[PDB]
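>>> Got an experimental structure here, sequence first:
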Amino acid sequence: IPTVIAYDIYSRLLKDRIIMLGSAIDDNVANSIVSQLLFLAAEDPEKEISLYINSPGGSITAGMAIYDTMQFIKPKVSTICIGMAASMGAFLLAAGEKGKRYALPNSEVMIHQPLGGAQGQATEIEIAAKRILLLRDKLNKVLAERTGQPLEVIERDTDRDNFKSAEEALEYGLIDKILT
Amino acid sequence: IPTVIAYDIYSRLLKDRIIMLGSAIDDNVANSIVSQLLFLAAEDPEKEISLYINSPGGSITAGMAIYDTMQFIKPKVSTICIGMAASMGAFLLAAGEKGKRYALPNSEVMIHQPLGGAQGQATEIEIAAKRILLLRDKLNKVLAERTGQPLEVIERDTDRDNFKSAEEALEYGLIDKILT
Amino acid sequence: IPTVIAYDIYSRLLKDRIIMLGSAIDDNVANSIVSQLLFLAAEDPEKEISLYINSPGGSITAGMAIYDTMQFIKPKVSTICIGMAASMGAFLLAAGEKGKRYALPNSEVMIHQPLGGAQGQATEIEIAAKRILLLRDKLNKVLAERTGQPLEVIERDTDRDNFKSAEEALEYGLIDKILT
Amino acid sequence: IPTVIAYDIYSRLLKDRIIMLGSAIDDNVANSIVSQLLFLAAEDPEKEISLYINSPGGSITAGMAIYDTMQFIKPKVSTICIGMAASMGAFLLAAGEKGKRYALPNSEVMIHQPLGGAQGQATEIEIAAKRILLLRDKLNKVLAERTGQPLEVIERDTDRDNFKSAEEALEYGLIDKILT
Amino acid sequence: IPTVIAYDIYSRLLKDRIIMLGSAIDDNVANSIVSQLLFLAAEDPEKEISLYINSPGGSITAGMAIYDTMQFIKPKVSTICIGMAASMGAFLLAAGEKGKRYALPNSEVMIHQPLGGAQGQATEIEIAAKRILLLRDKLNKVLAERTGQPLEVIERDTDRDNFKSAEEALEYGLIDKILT
Amino acid sequence: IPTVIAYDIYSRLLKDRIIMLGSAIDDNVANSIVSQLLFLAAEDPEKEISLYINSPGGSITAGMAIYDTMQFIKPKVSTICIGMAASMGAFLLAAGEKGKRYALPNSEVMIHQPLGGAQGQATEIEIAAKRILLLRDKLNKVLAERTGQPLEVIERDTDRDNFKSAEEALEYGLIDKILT
Amino acid sequence: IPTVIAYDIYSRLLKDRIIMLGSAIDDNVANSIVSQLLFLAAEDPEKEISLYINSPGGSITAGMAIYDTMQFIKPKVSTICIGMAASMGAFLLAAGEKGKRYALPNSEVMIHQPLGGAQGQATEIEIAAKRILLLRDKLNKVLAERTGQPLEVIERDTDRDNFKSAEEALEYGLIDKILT
Amino acid sequence: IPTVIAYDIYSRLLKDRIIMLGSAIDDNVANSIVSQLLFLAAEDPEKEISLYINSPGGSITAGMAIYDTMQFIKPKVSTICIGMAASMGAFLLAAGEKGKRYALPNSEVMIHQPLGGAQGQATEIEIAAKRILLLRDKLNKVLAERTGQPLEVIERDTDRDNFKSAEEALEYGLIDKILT
Amino acid sequence: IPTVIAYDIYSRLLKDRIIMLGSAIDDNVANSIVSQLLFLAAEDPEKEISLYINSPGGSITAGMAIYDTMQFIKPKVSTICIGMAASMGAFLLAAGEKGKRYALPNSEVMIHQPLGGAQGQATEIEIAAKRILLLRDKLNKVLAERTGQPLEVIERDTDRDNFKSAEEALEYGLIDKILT
Amino acid sequence: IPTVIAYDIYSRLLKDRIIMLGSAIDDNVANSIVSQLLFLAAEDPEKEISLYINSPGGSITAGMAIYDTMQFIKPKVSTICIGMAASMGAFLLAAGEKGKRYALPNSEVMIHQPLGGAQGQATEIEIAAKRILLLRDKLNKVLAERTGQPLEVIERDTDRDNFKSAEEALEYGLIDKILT
Amino acid sequence: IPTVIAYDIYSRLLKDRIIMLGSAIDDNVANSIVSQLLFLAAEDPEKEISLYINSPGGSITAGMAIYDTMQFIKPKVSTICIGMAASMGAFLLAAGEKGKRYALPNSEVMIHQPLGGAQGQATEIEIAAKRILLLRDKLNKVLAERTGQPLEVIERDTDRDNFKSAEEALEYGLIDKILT
């Protein structure tokens, strides 16, 4: 990482309100993007923040921490997709400021149903297999009012891996423009 | 394994119709015990077979091959418990010839819930968690017909462990007589 | 393995034309069962052979070597299921002579679509993803003429995992009688 | 392990009713000694059997099978200590017939309290910690009846590690003679 | 971590009296949050501190060092749950003041009974199993007065894993209002 | 890595608008070249940028991010091949403007098919072997209009491996001028 | 591997002149099959021998030993493909006497070009890369003589992988009949 | 090991009353030598036995078993030393019958003080340190009454490794003759 | 290894004076081949012996044992080749009796320099490098009077690797016929 | 690595025009010497640059980047060999400006043949063994014009290894002055 | 490493012209001591430098760079042995200016032969063993013309390890004055 005069390269374009996201969302990335959003919203709360996404997925609980923090602060967040947004980048790309969700002309978007696991007695499997079915049908209701489709279309599109492109994610409703 | 004149020590007892079970029940111990029960029932189908149990459990599907073969054949099987019969020896000890189910004066019996696991893709955790719940309620419906208790008592006792002795398994109904 | 007088235990059984199968099917089990079927056929070719199944699955080319070698010999093969026949034991269980496919009162049968993998260039995946698609429709057409169902029921019926019972495989068509 | 003319060296002594125990006790050694004690007592059950002990301990629940079986059968067992009988050989050495319990002139005998472990929730270190306290309050009642001491002495000096010799085990009450 | 001008983002928020907690609690995290609470208390003793929680948690002795320090200093702490608050994170919620315990709208919450282990002699298991039962009945006696429930109703549902949400943890008593 | 005075020599060249690429592309180099292109475009958006390529390959989705950001920004990028450009440096070398693609006289260039893999059921192989063909048939539709060849020449030149440069990459059309 | 009274199950078929092949061809499977062919030919040299093939491949030099030996001896060999013959079973299957070479109706046949490797100086790759080019222009000069095709078709089909079937290798010329 | 006509090479030497010892003494070698000394003295108890020693020591409680059994049976044991008898072979070499001990002319002998270890808290090292000092002082007295030296000479000769010879461990007692 | 009536397949061939060599020559293969050569030469010292070679490489000193014993004994040895004879196999192939060296028409023969290594001081490298240069100026002095070429040709073409043929080794002088 | 006052010891020398090379040339060293040559050239492009070489390097594609950049830039480059220059360090030592290539009196230059490897099908070794023979014959043509020898002398000098000695490397033509 | 006011402790003793060598001379150590000698020489070339040696010695070629650079530069180097100098520590200790080689009174010096290895064919062993015999007679000549002894004394003193002292290396000629 270079040095810009003394900043570095990711902290120089935070002075212009740009947040970069380029790795899998574990519990340390979600602790840093939350802090950057809280710092930017509490020093000039009428401007606009950008967010560039290149994530190949991540965790469910550490991806629902950036989402409601994006909804909670006062500025408006516009999300741009370079590369590929897959399975939790496709949930943050379609979750900021209807009117301002962009994509570059050859990108990709993938949506599917959650993963998990359970082990133990015959009761500690029934406890843990009843949570993931309550967790699936609460993301299926957020995506239906974010994109605009019915619920019974997203209940059967997101059953296996469903890859799209930059031109047929615009017909679905995930993005709004294609940047040139 | 001493030689007895040629034999060994385990195949000399099989000439007097004694089967010996002394390890955990994986998928190729059940094969050998099923073969020995078939051979002994085929050569003289009106005598009596014994079966000594000292076993710390095993798998469920390879422990329903025994308890099927020893109800299917024509002779009568008498089960004796030395050492400890735990969680799948307690299911075969209480499953042969009501009238002949013995135990030695400081043995030990244990009964509890099934175990299992599941992994990945929340549509196929429901498949694997709906099976073990159907497998539990067919084991504690056989134990109620074998011992004599109501079903609401065995649904409550078989939880987290239940260690008994030679004098409490006689009051519960698992054995019939303490040998001296 | 006892040594019944010299023999061992499941070679005294082969003198009464009984073949046991109790492990997963690689290409060493298939060699032994093919050799035993050939030896029993070219000794007295008018007497019935039995076959007991307790297998959890296995390979797909070494399981279709036991299948078409018992339509080729002259005697009749009768298949019995102890324990569990899953995903390649369910394909050999519904391949005995019609009238002679049995099951014990608490057993299990499971059927699903085949597995596989591919690795390499963009042409060596297209080569190996057409073989596994031809090998599935080659294998859904044998089961439809063996059980008696239409093809579009077994095409959508397997598709994930399908656990069954002894009383629930009579209605489907895999079993002709439940033994008591 | 030489050949004696066909026989063995351990299978030749068994023709003169001598059982030899020379390793740690698990549920694979207890199975063999239970089988040998069952075989020798159906083959003129009046003649006495010897048992030579050189064992450095083992399992608690698999050293009770031998102890039950050598009071269940009809002949009389005589135990001789060679080398060292420690912590479960000292429990079988003091369980031969009163009158015949021997030791060689420089041997050792060690007694102490059981071992174990527990792991899990806060209510599964309560099930498995009031079992191991119920299990050592029943070995002291057997040792107090076998040797002759009061209970509050044996529960007082078997607390850390108690090493003895051939001349202090005779005053304590574990053996009856010293062979020369 | 960026370099907001010279310090990073976690140290830029600390001069606005904001503490973040985003990992499991060993005794290195508990040694740092205690130091930050002491430094913020002995700089301006009458001014509120915030504390954001996203944590799977778990160490009982190093999780009751932050609790006692939260009640020891003079200013008032206000805890906000953001993504997930498991075992010893839901116990650090319901310790902000009385009217200042918030939660975001998604925000899962979990409570259950302690874990542990023990190994050794039969006397060193009783010592370590008599302690964890004294620890459990002092944790769910603090939880009954920070919440408002009776003791018999929170020693009954914290027996296995008990997941809540942001709308039915408010009916229980762990939350005062949810944020929009 | 020296300390030209404070700087170092990747950040002393960056203020002369020179970007260096010297390793494989692995979704973390592609996040650090996008930021440098954005910073240099927002600094002064008319002067041209250079880019030196020495890479042996990389991934496909993190190679279509640099290729997109090269076209999106307002300045003009000029690409120079320095030692070796293989399979994703040969795709980035033919993306400088149209008359500003250079190579030194001892260089190599390689072009071939994509690579990948697939594992699972017979349906999750057909899903994943159908996007790699759609991904192969859109890279040689960009290369065929970047170099100038017809499509059915690029479809058969890139079948195995194609080592050529410095006097055959100029005739093919990938570069414009050899530097001396 | 059972016992037939003293014999084996593979050594009982050998006195009816049947050789089985069920493994990959390494350097000491070829030794056993060469020894069996020599022993059967030097005992009664006017009598047919069979050979059952189910093998995934092997090495080039230890697969030409069997091919030379089964044509040096005086009897006539008749090869039968039972489950799968891939890349060195397809070369041994089309080497029995013309009129023989049967196959069962659920079989497969695969043919492709040989594999290898080289490592070292620049003049020790040139030695080992013009030997593997003389091997594959002498294998498909034998295959084009056994099956009866032009050489420019055999050197064009065997380029990636072929994967024929039982009714598709009969038109090519590899087999002669399809058994019942 | 060869075959002598059916016998072995050690069973023939046991047939004319020769016992061989050529490895380190654990409690499997002691069991076999105790069994051979028991068998050889019960079939003809007036003929002497030989014993050849080539061992580099071993355990200290499994080396007293052979000593006691040598003193206990009725025949007379004569010990010969080939190679090296070190630190427990030197204790069994000086335990044959006084008058019949031998050594070949290159037959190094070694004697030293015992080994051991201890681990635990401060009152479990005191037990294991009193035991080994009780164990050393009872081997010194046996060596003093076998060889014929004072006790305070062997208390200071056996402090480090001693390494005598064939003509040098005859002045010291301990061999009684040198063979051819 | 099938049983032939008792024998196996390799010891039935030795009754007709056939020795089979099919693995690399370590120091256990040379012992066995020297032993059965000595055994066959003493039953009847006129009848000739065969030897089939399929071996890649070996050791230099353990391959001179077989070469010496082949000329020490009185009958005449005839060497046949199938497959290989890579490094030390081709040195034993050209060591049978000079009218009786055969080869099958799909065979290969290699010849090259010996190999070795050295490590230590500057004197223990000179000692070990002065010996491997006396080995290879005595191997190709035996090969020159065995094949018939001059010495300065065999010093010249056995420098890197020389794979030939069945038809190209006949012109050189290594074999005498080609069997059909 | 000390601190000359801020600098370190390698960047204080780059205040003058001195570049050090002291490790094997991988793809990271060649990326950091190219940057230093570019920076020193585009700062005062008319003086001189020194370069000290002590390296047993090789990464042939990543060792011609430095060779091309040494002639692309303007000023001049004078190379000094300090401790040893093996292959691709001798190729860089003999590429300084003619008249200014120095060596200290103990230096030991070495030159030889390239290395490589190849794995795969029979037509992917022919691609990779045809590249390395084209890569060797273009380095021979560069040494033949840098040093001054004919081509057929360097074609057989660089065949195994030849270590020169900084005084017979001056007669060859690699250097042209020995420094004192 | 402490800090001296900024510096550290090793760069504060370089303003006073001291070089500290305290580890094994691999590469990356010769490359640093060469740089420090060049920097100290090219800023004031009339003041002498010190060099403290405490090292077990390392590579031969990376210990000749320091030796050549010590005589190339203009100032005078004065070497002081402090704890031990052994085998390219002694070779640099006896290379300072004559009259200025000191040693502390508890030091020791060691001299012996070089070491190496060789692994390839029978020609690549002769190439690598003709070099280490020639690298030894050029070190013996330097030690002979440096200490003052004849050559045939150092050719047999340095044949095995030859330890010395401070009062014993002064008679030999390695040092000039014990410092005290």
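That came in fine, so what should we check first? Numbers count the residues shown, from 1 in each chain, chains lettered A, B, ... in the order given.
>>> contacts, neighbours, all on C-alpha from now
OK.
>>> got a list of what the nearest residue to residue A:164 once chain neighbours are set aside touches?
The spatially closest residue to residue A:164, leaving aside those adjacent along the chain, is residue A:109, at 5.2 Å (C-alpha to C-alpha, 6 or more residues apart in numbering or on different chains). Residues near residue A:109 by C-alpha atoms under 8 Å, 6 or more residues apart in numbering or on different chains: A:84-87, A:90, A:163-166, A:169.
>>> Buried ones among the residues you listed?
A:84-87, A:90, A:163-164, A:166, A:169 (16 or more other C-alpha atoms under 10 Å in any protein chain shown).
>>> And the next helix or strand past the helix ranked longest in chain A?
Determined from DSSP state H, the single longest helix within chain A is helix A:132-147. Counting by DSSP states H and E, the element after helix A:132-147 in chain order, helix or strand, is helix A:151-157.
>>> tell me what that next one is packed against?
Helix A:151-157 sits against helix A:132-147, with contacts defined as 3 or more C-alpha pairs under 8 Å, 6 or more residues apart in numbering or on different chains; DSSP states H and E.
>>> tell me which strands and helices the helix it packs on is in contact with?
helix A:151-157.
>>> Dump the helix it packs on to CSV, restricted to CA.
Extracted as CSV, the C-alpha positions of helix A:151-157 are listed here (Å, rounded to 0.1, in the frame of the first residue of the first chain):
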residue,chain,number,x,y,z
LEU,A,151,-42.6,-13.3,-2.6
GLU,A,152,-43.3,-16.6,-4.3
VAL,A,153,-40.9,-15.6,-7.2
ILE,A,154,-38.0,-15.1,-4.9
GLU,A,155,-38.9,-18.2,-2.9
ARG,A,156,-38.1,-20.3,-6.0
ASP,A,157,-35.4,-18.2,-7.8
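>>> that older thread, can you tell me which of the buried ones among the contacts of residue A:109 lies nearest to residue A:37?
Proximity of those to residue A:37 was ranked by C-alpha to C-alpha; the top entry is residue A:90 with 19.2 Å.
>>> residues contacting the closest one?
Going by C-alpha under 8 Å, 6+ apart, the list of residues near residue A:90 reads A:109-111.
>>> Show me the residues you listed that map onto strands.
Taking DSSP state E, the ones among the contacts of residue A:90 that sit in strands are A:109-111.
>>> which of the residues you listed lies closest to residue E:150?
Looking across the ones in strands among the contacts of residue A:90 and measuring by C-alpha to C-alpha, the closest to residue E:150 is residue A:111, at 45.1 Å.
>>> Name the nearest residue to residue A:165, ignoring sequence neighbours.
residue A:108 (4.7 Å).
>>> Surely residue A:155 touches residue A:140?
Yes - between residue A:155 and residue A:140 there is a contact under C-alpha atoms under 8 Å: 6.8 Å.
>>> What residues sit buried inside stretch A:53-63?
A:53-63.
>>> Out of those, which sit inside strands?
Short answer: those in strands (DSSP E) are residue A:53.
>>> could you dump the buried residues of stretch A:53-63 to JSON lines with distance to chain F?
What follows is the buried residues of stretch A:53-63, written out as JSON lines (distance: C-alpha to the nearest C-alpha, whole Å):
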{"residue": "A:53", "distance to chain F": "10"}
{"residue": "A:54", "distance to chain F": "8"}
{"residue": "A:55", "distance to chain F": "9"}
{"residue": "A:56", "distance to chain F": "10"}
{"residue": "A:57", "distance to chain F": "13"}
{"residue": "A:58", "distance to chain F": "15"}
{"residue": "A:59", "distance to chain F": "19"}
{"residue": "A:60", "distance to chain F": "22"}
{"residue": "A:61", "distance to chain F": "24"}
{"residue": "A:62", "distance to chain F": "21"}
{"residue": "A:63", "distance to chain F": "20"}
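>>> Looking at the buried residues of stretch A:53-63, which one is closest to residue I:29?
Looking across the buried residues of stretch A:53-63 and measuring by C-alpha to C-alpha, the closest to residue I:29 is residue A:56, at 57.0 Å.
>>> what number of residues lie near residue A:80?
Using other C-alpha atoms under 10 Å in any protein chain shown, residue A:80 has 21 neighbouring residues.
>>> quick one, helices of chain A?
With helices called from DSSP H, chain A shows them at A:9-12, A:29-41, A:64-72, A:89-93, A:124-128, A:132-147, A:151-157.
>>> Kindly report the residues of chain A close to chain B.
Within chain A, the positions adjacent to chain B are A:113-122, A:125-126, A:129, A:132-133 by C-alpha under 8 Å from any C-alpha of the partner chain.
>>> Max pairwise distance over the residues you listed: which two?
Going by C-alpha to C-alpha, the pair spanning the residues of chain A next to chain B furthest: A:113 and A:121, at 25.4 Å.
>>> Measure how buried residue A:143 is and give me the count.
For residue A:143, using other C-alpha under 10 Å, the count is 19.
>>> and it, what does it touch?
With C-alpha under 8 Å, 6+ apart, residue A:143 has these contacts: A:91, A:154.
>>> rerun at 10 Å
By C-alpha atoms under 10 Å, 6 or more residues apart in numbering or on different chains, the residues touching residue A:143 are A:90-91, A:94-95, A:149-151, A:154, A:174.
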